[PDB]
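Here's the letter readout for the chains.
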Amino acid sequence: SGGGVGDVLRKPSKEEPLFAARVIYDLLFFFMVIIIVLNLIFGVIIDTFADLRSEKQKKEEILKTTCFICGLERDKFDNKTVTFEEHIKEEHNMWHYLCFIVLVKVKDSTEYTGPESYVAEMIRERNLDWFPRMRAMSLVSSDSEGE
Amino acid sequence: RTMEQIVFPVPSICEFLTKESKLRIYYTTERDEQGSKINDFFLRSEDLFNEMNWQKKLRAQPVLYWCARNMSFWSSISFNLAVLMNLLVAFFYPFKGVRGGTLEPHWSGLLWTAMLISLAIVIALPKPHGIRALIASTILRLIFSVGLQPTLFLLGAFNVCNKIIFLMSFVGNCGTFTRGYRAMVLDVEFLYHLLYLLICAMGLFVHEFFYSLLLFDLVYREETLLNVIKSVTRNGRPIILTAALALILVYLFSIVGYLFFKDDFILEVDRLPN
Amino acid sequence: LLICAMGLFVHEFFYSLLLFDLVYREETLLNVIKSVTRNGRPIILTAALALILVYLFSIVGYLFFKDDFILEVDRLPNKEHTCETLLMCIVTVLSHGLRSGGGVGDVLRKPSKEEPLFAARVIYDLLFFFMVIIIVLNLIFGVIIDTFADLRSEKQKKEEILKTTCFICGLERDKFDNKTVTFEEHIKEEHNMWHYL
Amino acid sequence: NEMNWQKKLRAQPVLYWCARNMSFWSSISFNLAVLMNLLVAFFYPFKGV
Ligand SMILES: [Zn+2]
Ligand SMILES: [Zn+2]
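The rules behind these values
Residues numbered from 1 in each chain as written, not as in the entry; some residues may be left out. Chains lettered and ligands numbered in written order. Part of a larger assembly, values for the part shown. Heavy atoms only, no water. Residues with missing side-chain atoms left out of burial classes, pairs and counts. Donors = N, O, S within 2.8 Å, 3.2 Å for Na, K, Ca; no water. Tetrahedral: all angles 85-135°; square planar, octahedral: opposite > 155°, others 65-115°. Contact = heavy atoms within 4.5 Å. Buried area = accessible area lost by both parts, 1.4 Å probe. Salt bridge = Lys/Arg side-chain N within 4 Å of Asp/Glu carboxyl O. Polar contact = N/O pair within 3.5 Å; in protein donor to acceptor, adjacent residues only side chain to side chain. Buried < 20%, exposed > 50% of the residue type's maximum accessible area, 1.4 Å probe, protein only. 1 Å grid on protein atoms, 1.4 Å probe; cavity = no way out; pocket = protein on both sides within 12 Å on 5 of 7 lines; lining within 4 Å. Points joined across faces, edges and corners; volume = space filled by probe spheres on them. Nonpolar A, V, L, I, M, F, W, Y, C, P; charged D, E, K, R; others polar. Helix = DSSP H or I, 4+ residues; strand = E, 2+ residues; numbered from the N terminus. Core = buried A, V, L, I, M, F, W, Y, C linked by side-chain atoms within 4.5 Å. Patch = residues over 30% accessible without salt bridge, like charges linked within 9 Å, V, L, I, M, F, W, Y side chains within 5 Å. Areas by Shrake-Rupley, 256 points an atom, 1.4 Å probe, with all protein chains shown as cover.

1. Focus on the coordination of the zinc ion (ligand 2)
All names here are of chain C.
Part 1 of the reasoning: Note on the zinc ion (ligand 2): its protein donors are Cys 166 (SG), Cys 169 (SG), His 186 (NE2) and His 191 (ND1). The metal-donor distances range over 2.0 to 2.3 Å.
Part 2 of the reasoning: Here the zinc ion (ligand 2) binds four donor atoms, and the angle range of 76 to 155° at the metal identifies the geometry as irregular.
Part 3 of the reasoning: For the zinc ion (ligand 2), the donor residues sit on a single chain with the sequence spacing C-x2-C-x16-H-x4-H.

This is the structure in structure tokens:
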């Protein structure tokens, strides 16, 4: 209700000796509590909108302008007949990776090929260093220059 | 540290994967610490393999599979019915037999005619949208046939049957059924849905407000509203700490006012006669 | 300790004081108080701007609307109205009316269309309400919100530069992408500052 | 152009002494204005206060 300790007390009006102290009390309560504290809680709420929107925008731009598993940043695939739109679909599609994980799981622990044994060795026992962390075999050129 | 490229046949079990969980795993995974999404992807890969096993096992259900396909339809019917029946219980609670026609039914009759005209205009222009408008018009017409209490009882019975057939759809559409009973008891959304069912049943039985409670619990679900509530609640510890700061500050001001301005604390009041 | 001892001895309130001093310590509460106090010089300067602006409005109100400054009052027994002309009483009445909604409205005499001074009174009321109550209070709260924005920006920049770069080494964690020396062991085994200490 | 003017005015020095400490004049004017506004604020019934 607005002023705070004002408009509910007795309103001394200039006759009592306690008038100046009452005015100071009223104005000081109104300033610190009603301005600063309520403005602090609402500044906290607005700041949380700012942080949440910043997180969402960062997540969306890093989801759209970079590759998945591959990790590249979509400016490396500017030329040389392998663009990003088919690098996502045909080269580093994660659905093919899930297909490979379930192919390792379903198959009968024998009579499979070479790389599947290596992958199943890295899956069952230990870590995940068989993923293409930052390399894609499309940025690399021919080795004729050193040869 | 050399890189290969292998081509393999896709397993026949991978085609039993839904589009919803597909989009969920595409949009939900996050970079753990070293700018990489691999670690959470492997754990949800194991969970996805278990989910595809459950989906392949449940494909031979089909009546249960037919029930579990159209769960968004059950959710939409439950939500629209809850909103409509909250609107009916809001406008009319003196009840004691409201069907007396003390100039209310004439205005209600004109409102029903206008609503029927608007529903006809909506069905004419927007033919593909507004399937629930016909059901709302039929429910409004049933209010003119029988009393408000039988209509409310019918709507409550339809709501509880829709919820009890939606729970079976939700149980079927998840793999927690065969892991045991404590596994689905430990689930959070399952507990929320059973709380919703208990609230709906107790509203049908005991004193019949309770639909405001389920309305709050169900409208609170949607994504943008949940986003703004996540904005008010994600940093809740500073908010409660500065609320405690306000509390101690007004405690100090109360101490000072009690100390000196003790006789200036009179307040206006009107008493009720005995 | 002195506050606690004096509370045990003398008149025993004092625990509100030590409670304030001790709850004020914790990190997130100290962070929001640092948001209100880190840019305190603009806040006190625009408070002084509010003070001189209401001093100007008090001057104008004393000049023309001198007899419209009556206020309701109830006296304590040992006409329920009073009028003040001292220009300290005018300034304190105007700071009394600085809060409570409209401002100079709902405390003065409300002339209502009969006096020739009606249009000037309406202009005075509306102009006070607009400039002071909208603009100045919105300025102090915009300053506070801007200080939250700056403080959060500084904290985020500090955290990302602490996590995504090396310490003493100075590199930016994208140089260690390959070639058998990654950043996670470059921090621990090569450029650990504890080995430097 | 400003350095040309400064070189020409270096031979003033009494005017140059006046022009050196202009921040002092500004500070004196501001403090005096604030103080005399405080005095004219608190006491205006005057009629021989
Ligand atoms: Zn890739
Ligand atoms: Zn290094």
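2. Looking at the interface of chain C and chain D
Often, the extent of an interface is quoted as the loss of accessible area upon association of its parts.
Part 1 of the reasoning: Counting residues at the interface gives five residues for chain C and six residues for chain D.
Part 2 of the reasoning: Of the roughly 490 Å² buried at the junction of chain C and chain D (both faces included), carbon and sulfur atoms supply 64%.
Part 3 of the reasoning: Ranking the residues of chain C by area buried against chain D places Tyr 55, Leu 86 and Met 88 of chain C at the top, with a combined share of 70%.
Part 4 of the reasoning: The interface formed by chain C and chain D holds zero salt bridges in total.
Part 5 of the reasoning: Summed over the shared surface of chain C and chain D, the result is zero residue pairs in polar contact.

3. Describing the coordination of the zinc ion (ligand 1)
Residues and elements named next belong to chain A.
Part 1 of the reasoning: Of the protein atoms, only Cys 67 (SG), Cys 70 (SG), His 87 (NE2) and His 92 (ND1) coordinate the zinc ion (ligand 1), at distances of 2.0 to 2.3 Å.
Part 2 of the reasoning: Taken together, the four donor atoms coordinating the zinc ion (ligand 1) and their angles of 76 to 155° define a geometry best described as irregular.
Part 3 of the reasoning: When the donor residues of the zinc ion (ligand 1) are listed from N- to C-terminus, their spacing reads C-x2-C-x16-H-x4-H.
Part 4 of the reasoning: Residue class for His 87 comes out buried when judged on its relative accessible area of 0%.

4. Details of empty space enclosed by the protein
Part 1 of the reasoning: Each pocket or cavity is described by its volume, and for the largest cavity that value is around 40 Å³.
Part 2 of the reasoning: Partitioning the lining of the largest cavity into residue classes produces six nonpolar, two polar and no charged.
Part 3 of the reasoning: Reported here for the second largest cavity is a volume of approximately 30 Å³.
Part 4 of the reasoning: Contributing to the lining of the second largest cavity are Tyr 97, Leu 98, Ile 101 and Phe 131 of chain A together with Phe 41, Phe 42 and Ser 45 of chain B.
Part 5 of the reasoning: Sorting the residues of the lining of the second largest cavity by element identifies α3 (94-106) of chain A together with α2 (38-58) of chain B as the ones contributing at least two each.

5. Notes on the nonpolar core
Nonpolar side chains tend to gather and get buried jointly when the protein is soluble and globular.
Part 1 of the reasoning: Counting 27 residues, the largest nonpolar core has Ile 69, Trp 130 and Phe 131 of chain A as the members making the most contacts within it.
Part 2 of the reasoning: Listing elements by their share of this core, those giving two or more residues are α3 and α4 (114-124) of chain A together with α2 of chain B.
Part 3 of the reasoning: Those residues in contact with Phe 131 of chain A, other than ones at most four positions away along the chain, are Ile 69 and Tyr 97 of chain A together with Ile 38 of chain B.
Part 4 of the reasoning: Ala 50, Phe 65, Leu 71 and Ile 90 of chain C belong to the second-largest nonpolar core, a separate cluster that totals 25 residues.

6. A short note on a nonpolar patch on the surface
Residue and element names in this part refer to chain C.
Part 1 of the reasoning: There is a patch of nonpolar side chains on the surface, built from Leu 49, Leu 51, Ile 52, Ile 123, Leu 126, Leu 127, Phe 130, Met 131, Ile 134, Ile 135 and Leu 139 and spanning about 960 Å² of accessible area.
Part 2 of the reasoning: Breaking the nonpolar patch down by element, the ones donating at least two residues are α4 (40-63) and α6 (118-163).
Part 3 of the reasoning: The dominant element in the nonpolar patch, judged by the number of residues it contributes, is α6, at eight residues.
Part 4 of the reasoning: Mapping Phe 130 onto the fold places it in helix α6.

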